[PDB]
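Here is what each chain is made of, one letter per residue.
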Amino acid sequence: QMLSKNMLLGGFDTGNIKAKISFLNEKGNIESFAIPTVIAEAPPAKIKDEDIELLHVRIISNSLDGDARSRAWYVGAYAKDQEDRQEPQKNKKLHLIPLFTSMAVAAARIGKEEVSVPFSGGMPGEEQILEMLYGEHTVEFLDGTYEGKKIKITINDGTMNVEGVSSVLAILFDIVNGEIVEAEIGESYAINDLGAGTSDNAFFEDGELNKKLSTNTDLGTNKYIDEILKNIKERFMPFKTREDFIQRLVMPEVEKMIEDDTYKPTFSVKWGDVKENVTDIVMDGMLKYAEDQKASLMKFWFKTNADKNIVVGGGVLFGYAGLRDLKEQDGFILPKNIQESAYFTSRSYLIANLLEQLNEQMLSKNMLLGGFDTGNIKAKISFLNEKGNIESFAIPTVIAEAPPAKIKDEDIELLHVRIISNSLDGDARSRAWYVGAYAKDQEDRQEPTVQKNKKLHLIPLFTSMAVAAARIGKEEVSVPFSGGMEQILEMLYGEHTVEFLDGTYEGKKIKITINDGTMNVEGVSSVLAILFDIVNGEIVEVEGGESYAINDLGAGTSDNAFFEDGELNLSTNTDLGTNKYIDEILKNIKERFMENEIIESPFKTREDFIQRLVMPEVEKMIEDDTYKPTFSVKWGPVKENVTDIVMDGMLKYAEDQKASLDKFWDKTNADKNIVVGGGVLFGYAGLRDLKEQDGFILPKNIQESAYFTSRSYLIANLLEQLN
Ligand SMILES: Nc1ncnc2c1ncn2[C@@H]1O[C@H](COP(=O)(O)OP(=O)(O)O)[C@@H](O)[C@H]1O
Ligand SMILES: Nc1ncnc2c1ncn2[C@@H]1O[C@H](COP(=O)(O)OP(=O)(O)O)[C@@H](O)[C@H]1O
Ligand SMILES: [Mg+2]
Ligand SMILES: [Mg+2]
């Protein structure tokens, strides 16, 4: 139960204008207050929310400049009324002092002069930060409610809760004595802390933060407050601080609107002796701020295509007159312990704080048998697992420089590895990388450019072998390499390590030995996947010459090969890839979405359009040839049926390939055209119908049509080992 034991559990949101803090006091619930980031030099002796009203403290901190080392300061809303004020390394003293004060004030509320604070802040490295706060500090009150009290604060460890996970806790949980549940959100959502200086827009798909679309803007309440105050003065033809104007004139009226939905607000301010009714001068600024945010919020909604939009902060309370319109539109979630909206961030850090504080055959029992189709976009690999059949996946040929330390078919959707190969060069020879779709969501990405390069191809290949080895539960495998059309495939013999710094194989170190190799240069093995399959053992495929042609339909190009007597001949490749067809489908879908209400695109990348929208329907179509597909796209709040646009692009692609296919059959006159690659699955809607006329053969299993090239290389590898 109770960790105290002298522990102050708190969440701390330090910004440029206020220092918000949420802490467990004596009772077990949550208390919260804010100290403006303001400090003013003070004489060494004296000269509800009563505490922050007057903060005159002397701080003896070893995290301090020495200069402010042990000297007196005015802190907070009291420092505001000084003219040696300081307002936002340089100068850090401005942040650390009002923070230590809040801890002292918090500790004093629970009646302790020595408290140990596991620091749970947030960044608006990161052991880099906590070492700035570590050690023990003393805060002596020279005045105020705790006049003469000396609070001693020891900071041990902590979390910076930049992890993103913690930023959404205050909407799912609450602390009342014992921890409560308020999951009704989606797996993807936007969080918008509406601040006084800045509007912070964050987006979270899956579990955590998508910092490609995440932004910080200058849409704060200050500018609007500043103009309201100005016009008030122009009507008197004051309030000294912005905050003063909020707590006195504004904060009352807002809550009456909260206590009661039909309440008419009334802003009147007396100056000196005169009472002027400024009920509309305030309302305009309030409603105008409201408008700009809904504009801003909706733009970010279409940008992220989030399923839920959470709106928190004090900007909600300030613009509540116009922002209460959001309770009616779904996609938008206020937390409706709504007075607590301002401290939503600090509450989140408090909950998270609390949480961590709670603490024939073959035999192959160390050989990795794989066929490798390493390309310009995907590093496709087909390998044998324990059970003895073929598993296949593809790793996006994209890498990104990574920190050497931590900070189905989805063990590869967190690939953080270090590659130690003799085949690497630069200082890549000894450094960590983000591999696969994750140098996608990183701006230090490197992607193939039309050499070195080279590291760009070797790393996803070695990682693919890793994932394979780690999958069959071996902490290292001998790999007979089977690639495809003098080498420097001995970049690749010798031996290679890959160590998982994260992901499903956290801490697993996978070290790879390559000693043999074949290129399957002849084309005869490039077609092996349609005559054979490996199910536990090796079998001939259910229903199958002198010569045959092959059409691999890729993303970038459609390649044509011709084999006679099995042997490779007349081979060409057209840039008749799926990419331009997909791009103009996406182009068309987006433009059917451009009316009545509609910032970029509903789908994040080309892969996103396929993995989510397309290949589900294709699977229903493969399993059932009478099934009508239904392609529907949701973008923000808009749900439109784009079945036409997707089917049209598929069918045009189907004909264009058929047009190209028939031509290549004419010049080579092969007995058999085999159509393979991923383009088969994309244009399957029309290629399943045109298959019966032109007279060519598609492979079954057809779901694995993409890995056909890598599959054939695997069989050639297996056949090889059988001598
Ligand atoms: N209950 C309330 N009624 C009216 N205005 C409020 C209320 N609570 C906070 N505000 C004001 O809303 C504005 C939003 O600022 P805030 O969200 O506190 O910024 P920060 O991100 O620094 O915490 C502030 O100027 C604050 O004074
Ligand atoms: N299961 C699937 N359903 C529909 N389309 C797919 C499927 N798998 C892959 N594709 C698409 O087929 C295209 C070709 O993929 P692939 O042949 O692997 O490209 P490359 O060989 O050039 O790397 C890709 O654009 C991809 O989006
Ligand atoms: Mg804030
Ligand atoms: Mg391909």
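Residues numbered from 1 in each chain as written, not as in the entry; some residues may be left out. Chains lettered and ligands numbered in written order. Heavy atoms only, no water. Residues with missing side-chain atoms left out of burial classes, pairs and counts.

Structure determination for this entry is recorded as X-ray crystallography, at 3.200 Å resolution.

Under the PDB entry, the chain has the name ParM hybrid fusion protein and belongs to Bacillus thuringiensis serovar kurstaki str. YBT-1520.

Trainee: Looking at this structure, I do not really get the sheet that holds strand β6 (residues 72–75). What am I missing?
Mentor: Note on sheets: strands pair through backbone hydrogen bonds, and any given pair is parallel or antiparallel. Read across the open sheet, the six strands follow the order β4-β6-β5-β9-β10-β7; overall the sheet is mixed. Single-partner strands in this sheet number two, and they are β4 (39–41) and β7 (114–116). Here the strands of the sheet are splayed against their neighbours by 30° on average, with no regard to which way each runs. Across five bridges, strand β5 (residues 55–61) lies against strand β9 (residues 135–141) in antiparallel orientation. In the sheet register, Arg58 faces β9, and the bridge partner there is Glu140. (Pairing = 2+ DSSP bridges. Helix = DSSP H or I, 4+ residues; strand = E, 2+ residues; numbered from the N terminus. Axes fitted to C-alpha atoms, helices over the stretch in contact; angles between N-to-C directions.)

Trainee: Whenever I open this one, empty space enclosed by the protein confuses me. Can you help?
Mentor: Leftover empty space is mapped by rolling, across the atoms, a probe with the size of a water molecule. Its volume calculated, the largest cavity comes out at about 70 Å³. For the lining of the largest cavity, the class distribution of residues is six nonpolar, two polar and two charged. When its volume is computed, the second largest cavity comes out at roughly 40 Å³. Every residue lining the second largest cavity is listed: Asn551, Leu553, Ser558, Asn560, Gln657, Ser660, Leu661, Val675 and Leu687. (1 Å grid on protein atoms, 1.4 Å probe; cavity = no way out; pocket = protein on both sides within 12 Å on 5 of 7 lines; lining within 4 Å. Points joined across faces, edges and corners; volume = space filled by probe spheres on them. Nonpolar A, V, L, I, M, F, W, Y, C, P; charged D, E, K, R; others polar.)

Trainee: Which parts of the structure should I look at to understand a nonpolar patch on the surface?
Mentor: Among the surface-exposed residues, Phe173, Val176, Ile180 and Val181 lie close enough to one another that they form a single nonpolar patch of about 310 Å² accessible area. Where the nonpolar patch is concerned, the elements lending two or more residues are β12 (173–176) and β13 (178–181). Tracing the sequence through the fold places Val176 in strand β12. (Patch = residues over 30% accessible without salt bridge, like charges linked within 9 Å, V, L, I, M, F, W, Y side chains within 5 Å. Areas by Shrake-Rupley, 256 points an atom, 1.4 Å probe, with all protein chains shown as cover. Salt bridge = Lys/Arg side-chain N within 4 Å of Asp/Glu carboxyl O.)

Trainee: Would you take a moment to explain the site of ligand 2 for this structure?
Mentor: What surrounds ligand 2 is the set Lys378, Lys380, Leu553, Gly554, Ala555, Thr578, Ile610, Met615, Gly678, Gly679, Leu681 and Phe682. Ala555 places a main-chain nitrogen or oxygen 3.2 Å from an oxygen atom of ligand 2. At a separation of 3.0 Å, an oxygen atom of ligand 2 approaches a polar backbone atom of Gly678. In isolation ligand 2 has 570 Å² of accessible area, and contact with the protein removes 85% of it. Of all the secondary structure elements, the ones that give two or more residues to the shell around ligand 2 are β23 (378–384), α11 (606–623) and α13 (679–682). Per-element accounting of the shell around ligand 2 gives the leading share, three residues, to α13. Tallied by class, the residues present in the shell around ligand 2 amount to six nonpolar, four polar and two charged. (Near = heavy atom within 4 Å. Polar contact = N/O pair within 3.5 Å; in protein donor to acceptor, adjacent residues only side chain to side chain.)

Trainee: What is the right way to look at the pattern of salt bridges in this model?
Mentor: Pairing of side chains with opposite charge becomes possible as their charged atoms draw close. Counted according to the given criterion, the structure contains 34 salt bridges. Across the pair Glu31 and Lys48 runs a salt bridge whose closest N-O atoms are separated by 2.9 Å. On the accessibility criterion, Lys48 (81% relative accessible area) is exposed. Between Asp280 and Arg235 there is a salt bridge whose closest N-O contact spans 3.1 Å. Exposure remark for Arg235: the relative accessible area of 37% places this residue in the partly exposed category. Each of the salt bridges in this network shares a partner with another, and the network as a whole consists of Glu31, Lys48, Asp49, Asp51 and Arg109. (Buried < 20%, exposed > 50% of the residue type's maximum accessible area, 1.4 Å probe, protein only.)

Trainee: How should I be thinking about the site of ligand 1 in this particular structure?
Mentor: Taken together, the neighbourhood of ligand 1 is formed by 18 residues, with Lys20, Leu194, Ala196, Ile246 and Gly314 sitting nearest. Contacts to ligand 1 include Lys20, whose side-chain N or O atom sits 2.9 Å from an oxygen atom. For ligand 1, whose free accessible area comes to 570 Å², the fraction covered by protein is 90%. Listing elements by their share of the shell around ligand 1, those giving two or more residues are β2 (18–23), β14 (189–194), α4 (242–259) and α6 (315–318). For the shell around ligand 1, the element with the most residues is α4, which contributes four residues. Within the shell around ligand 1, the residues separate by chemical class into ten nonpolar, five polar and three charged.

Trainee: What's the story with the environment of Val254 in this structure? I'm lost.
Mentor: Mapped onto the elements of the fold, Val254 is located in helix α4. Judged by its relative accessible area of 5%, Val254 is buried. Taking the C-alpha atoms as reference points, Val254 and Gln329, 75 residues apart in sequence, are found 21 Å from one another. Leaving out residues up to four positions away in the same chain, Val254 has contacts with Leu317 and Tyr320. (Contact = heavy atoms within 4.5 Å.)

Trainee: What am I meant to see in the nonpolar core here?
Mentor: Grouped together as the largest cluster of nonpolar side chains are 79 residues, with contacts concentrated most on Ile589 and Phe609. For this core, the element with the most residues is helix α5 (residues 279–304), which contributes ten residues. Every residue in contact with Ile589, bar those within four places of it in the chain, is listed here: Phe609, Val633, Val642, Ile645 and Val646. (Core = buried A, V, L, I, M, F, W, Y, C linked by side-chain atoms within 4.5 Å.)

Trainee: Any chance you could explain the packing of helix α3 (residues 222–235) against α5 here in plain terms?
Mentor: Working note: a packed helix pair is described by the angle between its axes plus the distance between those axes. As a packed pair, α3 and α5 sit with axes 9 Å apart at the nearest point and diverge in direction by 160°. In terms of their interaxial angle, α3 and α5 are classed as roughly antiparallel. For the crossing formed where α3 meets α5, the hand is right-handed. Contact residues: α3 offers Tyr224, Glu227, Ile228, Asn231, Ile232 and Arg235, while α5 offers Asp280, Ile281, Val282, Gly285, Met286, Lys288, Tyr289 and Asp292. Of the residues belonging to the contact of α3 with α5, the class tally is seven nonpolar, two polar and five charged. (Parallel < 35°, antiparallel > 145°, perpendicular 65-115°, else oblique. Left-handed = near helix turned anticlockwise from the far one by under 90°.)

Trainee: What exactly am I supposed to notice about the environment of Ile47 here?
Mentor: Considering the arrangement of structural elements, one finds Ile47 in the loop between β4 and β5. Residue class for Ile47 comes out exposed when judged on its relative accessible area of 70%. As a C-alpha pair, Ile47 and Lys5 span 42 residues in sequence and 36 Å in three-dimensional space.

Trainee: Hey, could you run me through the sheet that holds strand β31 (residues 509–514) in this one?
Mentor: In space, the six strands of this open sheet follow the order β28-β25-β27-β26-β30-β31, with antiparallel pairing throughout. Edge positions in the sheet fall to β28 (445–446) and β31, since each of these pairs with one other strand and no more. Of the strand pairs in this sheet, strand β25 (residues 399–401) and strand β27 (residues 431–435) are connected by three bridges, and their pairing is antiparallel. By the bridge assignment, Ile399 is partnered in β27 with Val435. Those strands touched by helix α9 (residues 455–471) are β25, β26 (416–420), β27, β28, β30 (494–500) and β31, and its axis lies near 110° from that of β31.

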